[PDB]
Amino acid sequence: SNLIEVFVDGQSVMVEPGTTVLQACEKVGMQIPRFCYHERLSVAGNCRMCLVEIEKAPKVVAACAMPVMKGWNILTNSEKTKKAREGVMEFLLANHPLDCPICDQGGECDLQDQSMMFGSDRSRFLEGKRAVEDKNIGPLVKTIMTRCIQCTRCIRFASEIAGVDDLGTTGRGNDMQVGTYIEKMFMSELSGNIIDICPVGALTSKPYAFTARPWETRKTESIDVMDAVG
Amino acid sequence: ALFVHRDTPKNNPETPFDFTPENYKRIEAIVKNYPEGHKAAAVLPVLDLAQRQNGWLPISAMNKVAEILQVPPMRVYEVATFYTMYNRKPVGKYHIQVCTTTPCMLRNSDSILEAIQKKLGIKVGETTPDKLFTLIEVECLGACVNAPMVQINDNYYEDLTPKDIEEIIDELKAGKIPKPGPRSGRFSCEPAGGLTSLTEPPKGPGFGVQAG
Amino acid sequence: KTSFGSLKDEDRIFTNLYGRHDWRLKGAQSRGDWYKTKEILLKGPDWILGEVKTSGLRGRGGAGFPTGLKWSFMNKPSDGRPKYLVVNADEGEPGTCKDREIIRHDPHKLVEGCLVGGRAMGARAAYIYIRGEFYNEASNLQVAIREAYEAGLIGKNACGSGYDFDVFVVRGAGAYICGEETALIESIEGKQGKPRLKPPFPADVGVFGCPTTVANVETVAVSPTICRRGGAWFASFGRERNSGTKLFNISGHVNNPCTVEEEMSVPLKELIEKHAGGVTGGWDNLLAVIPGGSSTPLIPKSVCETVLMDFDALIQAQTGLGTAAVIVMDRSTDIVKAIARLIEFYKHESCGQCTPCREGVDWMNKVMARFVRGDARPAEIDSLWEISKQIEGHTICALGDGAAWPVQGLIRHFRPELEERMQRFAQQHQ
Amino acid sequence: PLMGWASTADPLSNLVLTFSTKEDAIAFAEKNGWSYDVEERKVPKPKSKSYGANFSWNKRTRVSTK
Amino acid sequence: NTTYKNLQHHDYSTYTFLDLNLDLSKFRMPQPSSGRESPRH
Amino acid sequence: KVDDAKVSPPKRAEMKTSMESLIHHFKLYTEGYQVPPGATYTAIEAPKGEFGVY
Amino acid sequence: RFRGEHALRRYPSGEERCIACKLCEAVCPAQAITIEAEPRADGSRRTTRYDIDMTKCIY
Ligand SMILES: Cc1cc2nc3c(=O)[nH]c(=O)nc-3n(C[C@H](O)[C@H](O)[C@H](O)COP(=O)(O)O)c2cc1C
Ligand code: SF4
Ligand code: SF4
Ligand code: SF4
Ligand code: SF4
Ligand code: FES
Ligand code: FES
């Protein structure tokens, strides 16, 4: 009656039909590290981080978008799973600029946490390191677009929650500028909610910009006002 | 090469831009080919009509195409920034693509690049202080089986040498245009020895087949 | 079994290489089109798939997926969603002219074959995608579509019988990536050409949500000939996994570079010199030979004098056979320079979906620059080897993999020129 | 008033006690005497998403961008 | 036959592809619809 | 130092041009490296005596 | 390499070298650093209040 058997490193668990490897792996507690997938939006696959060596397959496959055949066994802690994570995490930090002081996501990066906890240490890629000059999206949202890892999270958020359709991919190869082509200051509702979407320090708050870095500030539960929903 | 618009009028919507009702009939043929429910699939042929009509597309062309196909313009800006055949810079009458990658570069396109350069004067990748000589070198096109190649406005030139460069470019100055096909004889992609292909007039349906 | 095989005349699957008797459906009928096709169609598509898997068609375009498995996946029961057939006609692998010859000299057999495929799997309309480089040949294709419509035999109610089948043509806009398996599908969809994810197959969701598929042009051309001819007559030329006839083309560096049909295997010395003039400077002049095109590792001289030309053979040589560019290159150019220019091509055309191809081709472009100028250390050439081990298969498409392999072949074979180049740069700076 | 700092007369201001079950939390708080407010745990709600559903035909869940 | 039977391609103007698509727009069976007229309607 | 740069911070040259060594510098001095759970004891010979630490 | 005065530096004919990147107050083992940062009218991120206690500073 609508079950799927998987072994997560031996520990069996049961999966609803049609779902992902990732929701069951998050069902047993193992958060596979992710960048493009986020549960309020659709599924891109363009961050490629969620590779996991799923057995009897020479090709290591993504886990945010794999249909779950009956009777898997999902090797998370293998050798070449770690080697694929080493490779991908080394690839992200090539054309990313040395901004972790003047980045506004020092306590709250994602490259920083996941590249400590999963990546290499000795870098390579000795020369190069191109840079994309920023835009002027809206005076409430400060915007640096060299740090954009082109992860297509703001784009899907626009076209699938905002419905505004003002952010687009432009270009090919390395050169993918992400934004609005026509010097238009993008202003719409919920554009304040895009600085919480952008996982890396490329879309920050403009008025908050440079007053604190978030280990100092303590976090407290409260209830909203000004809307009747809270 | 500057993938953000930054108006610079002779752009700056509205630049006044409109087609011909004959081209509107082309438009309705194009978005009546594709199935209903997915009107947004004919964006690239409509934009091709806009380029073939007016040699390069301004931004008001993109607003026009967006309102014709009743889409947000952002998809049109993506498809305009994404491909190769659409040049957002204004160009001249004739456009030059000097194609050179793998057999084309090793069969000495650098001689042809020198010939084009020291005949024309304007440097590679750039434009010209007249019309009809927007020169860019390009990557592979497909027609590789000869000398490195030239594409001008929907035509080819293969089997080159700088005297043919002088001739063809003087004639595009004059207005007269030679053939898309090959040179040095050998009227197609031919085995250029002693015709090692088939020779007999082929039989076809006449001889031994089975179940039909 | 043949002794390595060669061209035996009239066993050519399609004649009319160039400029033959006319360019017309009448000439197509004289060369063998529209002959007894209705009796093949009205037997049921299962017998057509039996004919094709009897022939054992290895898929073309340099992938390896056989047509019988693909179109046997295409035997889904037809639900409310229509079925579509897409004829891909770009020419990547620079050096190609694979189907440029075919769509320039004979569109009619392609029309026959797309009718065959539209009957053979339940398809309803076929979109044919031509490269944007090919306006004139595209208009030749348009004239042929007009001739086949003006015959009143395709379009609606084909072969007389009540079976409509419409065919359209969509231009390219210039890409390597529009030729691939899925970025084709969404380039037709009006969104920008970017591949999807594979485990949702095109035969389950395709063009907007239809069970469709994509055929290479050579498959479309070979389809009605094997439908109108016998079973396993196609299979008699070469080995058992791969079978049939293939265009091996020297588009490259010989005297009279050209294109020839041959059988599935051939001795490479006959192939190079006894059909297309001779090698520029003789057999011993060349440094190396690339088969396949550009998504294929190199083959050096001591391997090229002996290795036969089969798909299994180039598996046994750790490469992958593609089409149309089985060419030599001379000692007189540096293979480092040639492959570095190919890497620059790879940078200039790649979409930006996957992180690893994007940044790997970025590094490899800059590192091959630092090798042509020679400004590195031997740990860098092994670094390039390690990163080409990292990239491969970790993407969506195979452009990243076909950028992994040339660096691989250059490292597997042509170490010594690299070492001498770096040594001469040491002599230069010192 | 000399440096611009935030003093406090609250020695208990920087307590935190990380526990593992709500039962032992309440047991400790009532064992040590002071009052307590219980807010309940909230998991993320499981969803139903798929890439093929992002490629719809006559369903409106359509990717529209890529 | 050793003569170039083409040059039938040679006359092709830069509008002819859309001209042929224009004139061959009869027998267009209905390109089957689905629910709404468009993805966003 | 160790070359296991996820424990000891790197030096200035790679710090001023890396990316990984800069990130490791940054987070290694903000958070402190994570230490696996468990209880250890050791003792060395202080010139007093058993300098033990638990 | 003596450790004394707690002095600051600046760029060659340039502005203040401190970005106010809060690392010193994040590491300061008696928390004697007190940084409150603001941008100015230019745009480069800078400070407001950079205080060292000499009492708590263990050097
Ligand atoms: C890297 C890559 C490049 C491709 N380039 C082309 C191309 O230029 N033209 C083309 O028709 N197909 C191209 N394809 C598709 C292949 O030809 C593929 O085999 C085709 O979709 C089906 O061919 P088959 O079924 O005969 O194997 C490409 C595929 C890949 C992975
Ligand atoms: S701006 Fe941020 S969310 Fe958008 S693609 Fe770039 S990194 Fe991702
Ligand atoms: S997002 Fe910010 S903190 Fe993270 S790596 Fe980039 S610059 Fe550093
Ligand atoms: S490997 Fe590169 S070109 Fe291919 S799908 Fe991925 S991002 Fe696109
Ligand atoms: S905040 Fe501290 S660590 Fe950062 S620049 Fe200023 S003095 Fe240096
Ligand atoms: S999470 Fe980004 S690829 Fe699956
Ligand atoms: S490389 Fe010049 S056309 Fe293919």
Each label point is 7 Å from the Cα along the Cα-to-Cβ direction; what then is the distance between the points at residue A:77 and residue B:68, in nm? 6.2
Pairwise FRET efficiency - residue D:38 versus residue F:51, Cβ, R0 = 45 Å, nearest 0.05: 0.45
Would you please state which residues of segment C:257-293 a label at residue B:198 would reach in this model, taking the label point 7 Å out along Cα→Cβ and a backbone N cut-off of under 18 Å? C:259-264
At a Förster distance of 35 Å, what's the computed FRET efficiency of residue G:51 paired with residue A:196, Cβ-Cβ distance as r, to 0.05? 0.65
Only loop residues by DSSP count here, and only those with at most 16 other Cβ atoms within 10 Å; note down the GluC sites (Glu not before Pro) in segment C:289-395 that meet that. C:305
Here the whole-number average of other chain Cβ atoms within 10 Å per Cβ of A:45-54 is 3
Karplus-derived HN-Hα couplings along segment F:39-52 (A = 6.51, B = -1.76, C = 1.60, θ = phi - 60°), whole Hz, x at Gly and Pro: 10, 10, 9, 8, 7, 10, 8, 5, x, 5, x, 6, 6, x
So how strong a dipole does segment C:1-56 carry about its Cα centre when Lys and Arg Cβ are +1 and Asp and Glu Cβ are -1, to the nearest 20 debye? 80
Any idea what the dipole of the protein assembly as shown comes to, in debye rounded to 20, about its Cα centre with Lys/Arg Cβ at +1 and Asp/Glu Cβ at -1? 920
Give the Rg/Rh ratio for the protein assembly as shown, taking Rg as the radius of gyration of the Cα atoms and Rh as the Kirkwood radius, to two decimals. 1.00
I need the GluC sites (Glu not before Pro) found in segment B:1-110, filtered to DSSP loop residues with at most 12 other beta carbons within 10 Å of theirs. B:14
Note, segment C:259-273: 3J(HN,Hα) by Karplus (6.51, -1.76, 1.60, θ = phi - 60°), whole Hz, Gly/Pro = x, goes 10, 9, 5, 9, 7, 6, 10, 7, x, 5, 6, 4, 4, 7, 9
What is the sum of charges around residue A:3, taking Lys and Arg as +1, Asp and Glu as -1, for the other residues whose C-beta is under 15 Å from the C-beta of residue A:3? 0
For chain E, listing chymotrypsin sites (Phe, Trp or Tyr not before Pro) in a DSSP loop whose Cβ sees at most 16 other Cβ atoms within 10 Å gives E:4, E:15, E:27
Gaussian network model of chain B, Cα within-10 Å springs - most flexible of B:59, B:112, B:177: B:177
Give the residues of segment B:1-32 whose amide nitrogen is closer than 12 Å to a point set 7 Å from the Cα of residue B:60 in the direction of its Cβ. B:9-19
What is the helix-to-structure angle for D:22-32, meaning the angle in degrees between its Cα long axis and the longest Cα principal axis of chain D, kept from 0 to 90 and rounded to the nearest 10? 10
With -39,500 (n - 2.57) per DSSP H segment of 4 or more residues and division by the full residue count of the protein assembly as shown, the 222 nm estimate, nearest 500 deg cm²/dmol, is -8500 deg cm²/dmol
Centre separation in Å (Cα based) which lies between segment G:8-55 and segment C:130-150: 70
Estimated distance in nm for a label pair at residue C:38 and residue D:47, the labels positioned 7 Å out from Cα along Cα-to-Cβ: 5.5
Mind jotting down the distance between the C-alpha centroids of chain E and segment B:59-124, whole Å? 24
So if I take the centroid of the Cα atoms in segment C:64-118 and the same for segment C:370-412, what is the distance between those two points in Å? 33
Radius 10 Å from Cβ of residue C:62, net charge of other residues (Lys, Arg +1; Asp, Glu -1): +1
Put +1 on the Cβ of every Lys and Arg and -1 on every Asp and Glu Cβ in the protein assembly as shown; which of C:360, C:182, D:36 then has its Cα farthest towards the positive end of the dipole? C:182
Largest fluctuation, B:129, B:202, B:72 only, Gaussian network model of chain B with Cα springs under 10 angstrom, belongs to B:202
Counting only residues 5 or more places away or on other chains, whose amide H sits under 5 Å from the amide H of residue A:177 once H atoms are built in the peptide plane? A:170
Here is the link list: B:39/C:347; A:83/F:11; A:219/G:22; C:1/C:26; C:38/C:198. Which ones come out longer than 29 Å on Cα distance? B:39/C:347; C:1/C:26; C:38/C:198
Relative to the first principal axis of the alpha-carbon coordinates of chain A, what is the inclination of helix A:80-92, with its axis defined by its Cα atoms, in degrees from 0 to 90 and to the nearest 10? 10
Which residue, chosen from B:210, B:99, B:132, occupies the Cα position most advanced towards the positive end of the dipole of chain B, where the dipole is computed from +1 (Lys, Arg) and -1 (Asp, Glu) charges on Cβ about the Cα centre? B:132
At 7 Å along the Cα-to-beta-carbon direction for both residue G:16 and residue B:176, put a label point, then send me their distance in nm to one decimal. 7.7
Quick calc, residue B:120 & residue C:24: beta-carbon distance into FRET formula, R0 35 Å, rounding 0.05, result 0.25
Can you give me the long-range amide H partners of residue C:97? Hydrogens built in the peptide plane at 1.01 Å from N, cutoff under 5 Å, separation of 5 or more residues or another chain. B:144
What residues have an amide H closer than 5 Å to that of residue C:170, excluding those fewer than 5 places away on the same chain, when H is modeled at 1.01 Å from N in the peptide plane? C:128, C:129, C:130
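Please note: Cβ atoms are built from the backbone with ideal geometry, for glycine as well, and neighbour counts cover all protein chains shown. Any read-out appearing in this document is the output of simple, stated calculations on the displayed coordinates, not a laboratory observation.
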